[PDB]
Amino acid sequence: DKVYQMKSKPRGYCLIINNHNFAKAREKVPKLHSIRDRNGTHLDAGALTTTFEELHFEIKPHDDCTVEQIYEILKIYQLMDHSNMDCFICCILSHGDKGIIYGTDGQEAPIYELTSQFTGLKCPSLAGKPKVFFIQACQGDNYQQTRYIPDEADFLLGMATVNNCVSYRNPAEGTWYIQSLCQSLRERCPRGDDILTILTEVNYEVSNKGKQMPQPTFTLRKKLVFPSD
């Protein structure tokens, strides 16, 4: 019957890794030659920015990151002092495939390698606090194995799609998943709805518009809410 403490100001950092420019995925990595630049991802980054600033998080945007950069950014957050924070959010917008996300330079980063950097042992100042990841990306090429996060408690990963499949991005409106997620958080958090309940609503909205099926994976052990001013 408990809820994660969510009262500090700011609540925590909301890292946003936004990948748009995939030139090298065609200039340095032979197989993604037809990989299109992610038009519309900027609207997504802006929606996430305004959604979470309203929810009192400190936004830390980073655009066009190669896999090496993603790792160094994540490493800096792993080492930071979160002792005065109640939560940590990391959003990753990019191209992807089965269980992984692509850096702009076409290199790969297994989602599990990213999330597991924040276990209690590795990032003590977030031990016992919710670590939330939102990833907009494809997870294969099927259109209609990894377990993504550690088994220890307090992780929430919101994926735009089940593994092996794609997710859609409307160049003029943003991605289906991120746009739906932000709209629901903005409308529902002020009403006291918990984040998992919100994600089920997102599963529903996105699945109603091929079809796309989002999928939360998590080890949360308390109700998660983002109290809205």
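Throughout, we count residues from 1 along the sequence that is shown.
Checked against the other entries of this protein, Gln107 counts as resolved in every one of those spanning it, not missing from a third of them.
Where the other entries of this protein model the residues before and after it, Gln145 is dropped from at least a third of them. Going from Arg221 to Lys222, the model skips none of the deposited residues; the chain is continuous there. The gap between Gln144 and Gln145 holds 10 or more unmodelled residues of the deposited sequence. Remark: stretch with higher mean C-alpha B factor among 21-29 and 8-16 is 21-29. Per-stretch averaging of Cα B factors for 33-41 and 178-186 places 33-41 on top. In the deposited coordinates, the residue among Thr66, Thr49, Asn203, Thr197 with the greatest CA B-factor is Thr66. When the C-alpha B-factors of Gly106, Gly158, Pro150, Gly128 are ranked from the entry, the top spot goes to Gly106.
Ranked within its chain, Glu58 lands in the middle third, by CA B factor from the PDB record. Annotation for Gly120: CA B-factor lies in the lowest third of the chain's modelled residues. For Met85, the recorded CA B-factor ranks within the lowest third of the chain. Only modelled residues enter the ranking. Ranked by C-alpha B-factor against the other modelled residues of its chain, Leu79 falls in the highest third. For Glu113, the recorded CA temperature factor ranks within the middle third of the chain's modelled residues.
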